[PDB]
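# Commentary on secondary and tertiary structure
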Amino acid sequence: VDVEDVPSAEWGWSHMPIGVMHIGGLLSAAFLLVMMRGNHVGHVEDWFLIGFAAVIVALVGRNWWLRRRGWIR
Amino acid sequence: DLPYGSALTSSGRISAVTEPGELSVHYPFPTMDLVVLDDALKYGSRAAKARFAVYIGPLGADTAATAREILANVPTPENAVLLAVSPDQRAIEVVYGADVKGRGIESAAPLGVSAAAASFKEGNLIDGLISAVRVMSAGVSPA
Amino acid sequence: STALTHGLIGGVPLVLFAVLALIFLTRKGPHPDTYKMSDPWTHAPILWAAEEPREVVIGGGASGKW
Amino acid sequence: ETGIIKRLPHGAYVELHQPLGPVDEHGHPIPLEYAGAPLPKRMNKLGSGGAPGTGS
Amino acid sequence: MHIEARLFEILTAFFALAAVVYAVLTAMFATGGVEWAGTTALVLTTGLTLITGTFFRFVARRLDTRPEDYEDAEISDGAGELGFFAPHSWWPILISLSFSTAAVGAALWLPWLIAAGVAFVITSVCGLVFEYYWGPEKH
Amino acid sequence: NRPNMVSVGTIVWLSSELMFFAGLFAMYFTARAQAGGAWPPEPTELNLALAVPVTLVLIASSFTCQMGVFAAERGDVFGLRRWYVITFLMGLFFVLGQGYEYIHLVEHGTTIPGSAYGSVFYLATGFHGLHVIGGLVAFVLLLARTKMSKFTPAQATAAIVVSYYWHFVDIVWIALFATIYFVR
Amino acid sequence: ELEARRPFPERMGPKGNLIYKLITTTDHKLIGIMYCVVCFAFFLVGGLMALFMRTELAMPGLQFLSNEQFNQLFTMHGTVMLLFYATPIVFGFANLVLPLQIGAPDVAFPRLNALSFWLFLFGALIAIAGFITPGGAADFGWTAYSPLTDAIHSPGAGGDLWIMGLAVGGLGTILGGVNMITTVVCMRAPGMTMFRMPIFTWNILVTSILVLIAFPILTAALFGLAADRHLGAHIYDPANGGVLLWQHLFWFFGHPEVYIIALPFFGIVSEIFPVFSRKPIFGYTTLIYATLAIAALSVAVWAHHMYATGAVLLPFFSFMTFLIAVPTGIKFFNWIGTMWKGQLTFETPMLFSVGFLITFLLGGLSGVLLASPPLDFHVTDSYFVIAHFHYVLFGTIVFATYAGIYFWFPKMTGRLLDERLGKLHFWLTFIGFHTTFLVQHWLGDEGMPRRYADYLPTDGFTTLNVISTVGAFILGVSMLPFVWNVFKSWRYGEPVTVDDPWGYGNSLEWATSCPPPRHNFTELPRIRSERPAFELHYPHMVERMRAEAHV
Ligand code: HEA
Ligand code: HEA
Ligand SMILES: CCCCCCCCCCCCCC(=O)O[C@H](COC(=O)CCCCCCCCCCC)COP(=O)(O)O
Ligand SMILES: CCCCCCCCCCCCC
Ligand SMILES: CCCCCCCCCCCCC
Ligand SMILES: [Ca+2]
Ligand SMILES: [Cu+2]
Ligand SMILES: [Mg+2]
């Protein structure tokens, strides 16, 4: 990062690599999906896990595509 | 002298209007291509700490002298780089301020012209300017 | 019946969306056509400059012609 | 930002600003550099409110 | 501000007429006599416009023609400082959070949560009132 | 000249507050019409030996509050504090006087769930008592602001608008006191 | 004469350009913008509630919803879509243009204006939060009749959260109404007299007065209702007479409230018709009188919702309700006169306003039918009502809302929404709404009551319910083009470099840049009529307007 994005860039840690957040997002959705393997008999919670995992995957994919096409940096 | 529907305010500002359903900018280029050019101009100047300018239009009889006067309109002329392209004259002129001298622009000025020219034979105007800005901004050090 | 009821609810909105979209989205917008090199530059002169960095002697320049 | 809105004779609405340092040719001040210290944002913290008066 | 007070007086007259007519029209024709819940609201609806209308009347007779009350007024007539307007404040969101905390406590009938919400509201309101009056720290 | 923006806002909001009490009055009047002859019914026995002295104290608080307004317009911040402290103390006595009357009424069988009269009586007077308590908080907050900065015309305006709320509260009680303890 | 400009306007601000502004803003423009996003979030949330109901009423029998879930659905749907979407967006547009219309730099109380937004947002969330409770949210309807809302008949915490959520939101509405009255009275620019303001500003000032009459009484009634459920009071006891007591107060709130969400949107179209007709607003003085008459008449007609109770004076309220039809009819004749002998181009703000005139009238005609007790004796509490109030509430809080958004989007963005995508959205919305709500007139008359989760196959309501279900999903898919248009045109829309993108604007906001600066005005023109912007932009028409003003 530079000054215009983070004004206090030289005053401390202000940059986090995008790969960590993208991989962490995929692992976040993977952890949501694997939790369907449990002793619960109901499926209402299973659909909530699927929806959140899909939302996280969509956000990660949207950010990766925008970063690849150069729309955002 | 003002256009239809345009008025001069008390503070000197111009209050203009446009007919409904019409555009106020109407640049003859696609919106997405303009965004890419802005990103090249904004990010290229940021990584170079020198304002980058793009001009499209006539350059008179002598293209070299015309670009010198045009650069005066660019904010902070001393630290500004102007790329002038004349589609009718088929000429490319690059002019930079005094502060840009000695910063590595002399090796990137022909680089931008050649890169822009190569894309100009293909019928791509915005693409040529985008390519010229990228290579010219990548050969200029901060400050 | 039950098959016809579900088909109309899920089919008519999608069919109407497609028909109506083709009527309007295929029209030409107010954006001007892309300039071509063969055509002469009839537009007004354009001066573009970036806003960065935030706020006359010429050090030289280069020429070219295509 | 002092929070005081003043209407100019031509109708311009401007907010009175208190510079934290030296001022250039006209009203606008010269921008200072960040020093890692908190910057005042309330005019009352700068003493503009005065004192109520000595007494019980 | 003659017109501003005239608007409330016009509403005051209609509300007073409706309250009197409807009260006297239910006392002899509605089943059960006067409609109370219904009449009380109409009578005090007049008071809402009466209080605002009377105050605007008194204010208008004190001050002369304002630049915005002049048919043909010039822009430069209103030049000068208008007053104090808050540039920024995070206190209002804290007041809403404080009030919502008490409401949740009241909805679920939690006496501890209601007491916390009331204390939060007073603390949050105090910050809003004292935001532009706290003096410099004396160290 | 200039219209007082804060005074206009307070007066406009005060008129809206009157509609809040309109709902409370409607509940009391609706229940009164369904009494059938006993209003208030047994064993409720209102006494004027306690309501009248407490009501007079609240009425007298308006005079002291208005005296502080004159000091505020005169620029005498210390005179404003003296009159508002006295108004706060007598306003506090109204809450304690009302609370003392509540204890005896509850002990005699008049409660919110006990009777329909208890519901209309307590919510009507209790919500007004909450307004008095809210007014007492306004007095403390305004008095605390007077020691923070110099007495400015904006500071004097805040004193005036606070007295507007106190005058509105006192006027509302007079309507409640006459409606409950006299129009039976 | 070469001026340096960016090839495109900046799509979005840098990191950290909004988050601290959202919670600390005192600017009405940003606050008004936060209203629209939250209002549309609740619009989509409340719209999904109706889709579940509509898809359940498609075939006889409970396929996927129970009686309790359906009962919770319309209660929360109505509460969200009247109080959490319609009422706030009245102040959503008011925080946008009203300070600009009167030539003011800000609202009277910037801090109190921001408090209203957060108070409303947290109040709305509390009421919706009843769904996560095991018992469910409120299932007694938005009119919350007594003693159904009683602890004995509504013991769950969802109803309790519904009551307290409305009280918090109601407090914000009262504060917003207080701010608007003070702003109009005190913050007017020099030369802007009372009879020189735009119609929208006139409607908001009138509406704010109605808020102070209605919302406090609702707060008082809800507090008494909360006492019954928690303190065991006898405020609304049937033997005490509280069945009529609650209904009287609630409808004294309700009918002023529907005009709280009607008059401002009457003003919105009143600002769009003159612009796209190249003509002055017809009957400008008459429109103000009509608005005042509507506001005054709306207070003493509260009991026409209570015809079937048999406990109100029918001749008084029937006659007074009929009186409201006259000033409302005058508004149509003024709006039609504005378009008469004009030059109509029918852009998206104009197209939505035209749809308002067609849609509103049919609902208005149904209102006169219900105003007569003999006709109301058969269609009350039936789908004829639901068809009437979704023609009158969709003619304004939606058609006029969309017209105002398309009208004022370039003003507050500097970008223009896509016209081709806007025309698709309008036609989809029109067709879907008409398809889903025209047949409900026959359903209510046939003998189908409102608030019914299930009906028998022998009732004969299956065919019309399926047709209404098809149209409702068209309304659902009509949201995608508008959401896409707002999402794309905000960042990649056509830039606006002029003060008035519509050319013939009349109010003062079109005399400033797009978007306006922090204080909304770097200059002020001379104000001599109700169209200062038109006079400024077209000085040569000053003489023509004065001479041709009277026919
Ligand atoms: C502003 C007011 C308003 C608006 C805009 C609407 C909108 C709609 N309403 Fe509603 N309604 C009322 C106000 C309104 N309603 C009131 C006051 C009641 C009475 C409450 C009561 O009975 O107590 C009522 C009740 C009511 C009834 C009768 C209740 C009964 O059965 O007894 C029906 C009929 O089905 C109905 C249907 C619809 C439909 C199909 C829409 C369409 O407008 C909705 C379609 C809109 C959408 C937006 C679809 C959603 C689209 C999505 C994409 C969802 C996705 C969302 C997310 C992912 C978050 N509503
Ligand atoms: C914007 C919101 C809105 C508006 C504007 C209106 C406008 C009107 N409404 Fe209604 N109404 C509601 C929202 C609205 N309503 C809601 C939400 C409900 C029920 C909610 C619930 O119960 O849950 C309701 C229910 C309701 C009832 C109760 C019925 C019942 O519950 O059984 C009645 C009774 O009279 C009524 C009548 C009217 C009338 C006469 C008008 C008039 O203002 C309309 C007049 C308009 C015109 C007349 C058109 C213009 C005139 C002309 C073009 C000239 C024509 C002249 C003649 C025909 C003489 N409506
Ligand atoms: C609780 C007070 C009891 C005394 C009764 C008489 C009223 C006079 C109070 C004067 C207070 C002076 C404080 C002051 O100026 O300090 C100010 C700071 O103190 C405060 O902000 C106190 C706020 C109190 C909030 C709680 C109110 C509760 C109300 C309950 C009502 C039932 C000034 O500080 P400073 O001079 O800047 O150091
Ligand atoms: C765009 C207007 C749509 C109107 C739909 C009306 C359909 C009526 C069908 C009646 C069928 C009776 C058996
Ligand atoms: C204001 C009256 C509106 C009437 C709408 C009628 C719609 C037609 C329904 C036809 C159903 C045939 C069975
Ligand atoms: Ca079914
Ligand atoms: Cu009605
Ligand atoms: Mg009914």
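Residues numbered from 1 in each chain as written, not as in the entry; some residues may be left out. Chains lettered and ligands numbered in written order. Part of a larger assembly, values for the part shown. Heavy atoms only, no water.

The PDB entry lists chain F under the name Probable cytochrome c oxidase subunit 3, with Mycolicibacterium smegmatis as the source organism. Each PDB entry has a title, and for this one the record gives "CIII2/CIV respiratory chain supercomplex from Mycobacterium smegmatis". The Sequence similarities (unreviewed entry) field of the UniProt record for chain F holds the comment "Belongs to the cytochrome c oxidase subunit 3 family." (UniProt positions renumbered as here; feature names shortened; annotations may be inferred.)

To continue, consider the site of ligand 3. In the vicinity of ligand 3, the contacting residues are E:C126, E:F130, E:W134, E:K138, F:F88, F:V140, F:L143, F:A144, F:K147 and F:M148. Mapping the residues near ligand 3 onto chains gives chains E and F. Here an oxygen atom of ligand 3 sits 3.3 Å away from a polar atom, N or O, in the main chain of F:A144. Across the complex, the protein chains shield 57% of the 930 Å² of accessible surface that ligand 3 would expose by itself. Looking at the shell around ligand 3, the elements with two or more residues in it are α4 (111-130) of chain E together with α4 (116-146) of chain F. Residues of the shell around ligand 3, tallied by class, amount to 8 nonpolar, no polar and 2 charged. (Near = heavy atom within 4 Å. Polar contact = N/O pair within 3.5 Å; in protein donor to acceptor, adjacent residues only side chain to side chain. Areas by Shrake-Rupley, 256 points an atom, 1.4 Å probe, with all protein chains shown as cover. Helix = DSSP H or I, 4+ residues; strand = E, 2+ residues; numbered from the N terminus. Nonpolar A, V, L, I, M, F, W, Y, C, P; charged D, E, K, R; others polar.)

Moving on, we get to a nonpolar patch on the surface. Judged by side-chain polarity, A:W11, D:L20, D:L32, D:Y34, D:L39 and D:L46 come together as a nonpolar surface patch covering roughly 660 Å² of accessible area. Here D:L32 lies in the segment after β2 (13-15). For D:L32, a relative accessible area of 52% translates into the label exposed. (Patch = residues over 30% accessible without salt bridge, like charges linked within 9 Å, V, L, I, M, F, W, Y side chains within 5 Å. Salt bridge = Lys/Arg side-chain N within 4 Å of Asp/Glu carboxyl O. Buried < 20%, exposed > 50% of the residue type's maximum accessible area, 1.4 Å probe, protein only.)

Residue and element names in this part refer to chain F. With numbering aligned to this structure, UniProt lists the feature "transmembrane region" (unreviewed entry) at residues 5-28, 48-71, 83-100, 120-144 and 156-183. Span residues 83-100 is 100% helix and 0% strand, its end C-alpha atoms 26 Å apart. Annotated as 93% helix and 0% strand, the span residues 156-183 places its first and last C-alpha atoms 40 Å apart.

The next point concerns the side chain of G:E347. With respect to the secondary-structure elements, G:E347 resides in the loop between α11 (314-339) and α12 (348-371). Dropping the residues within four chain positions of it, G:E347 is found in contact with B:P20, B:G21, G:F276, G:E419 and G:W502. (Contact = heavy atoms within 4.5 Å.)

Our focus in this paragraph is the environment of G:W162. All names here are of chain G. Along the polypeptide, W162 turns up in helix α6 (residues 157-186). Distance in space between the C-alpha atoms of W162 and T380 is 25 Å, their sequence separation being 218 residues. Beyond its immediate chain neighbours, meaning those up to four positions away, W162 contacts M76, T79, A127, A138, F140, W142, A144 and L222.

Let us look at the site of ligand 2. Residue and element names in this part refer to chain G. Ligand 2 sits among 28 residues. The nearest are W142, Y259, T380, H388 and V392. Between ligand 2 and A371, the relevant distance is 3.4 Å, taken from an oxygen atom to a main-chain nitrogen or oxygen of the residue. Contacts to ligand 2 include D376, whose side-chain N or O atom sits 3.2 Å from an oxygen atom. Of all the secondary structure elements, the ones that give two or more residues to the shell around ligand 2 are α8 (242-260), α11, α12 and α14 (383-413). Element by element, the count of residues in the shell around ligand 2 is highest for α12, at 7 residues. For the shell around ligand 2, a count of residues per class yields 16 nonpolar, 10 polar and 2 charged.

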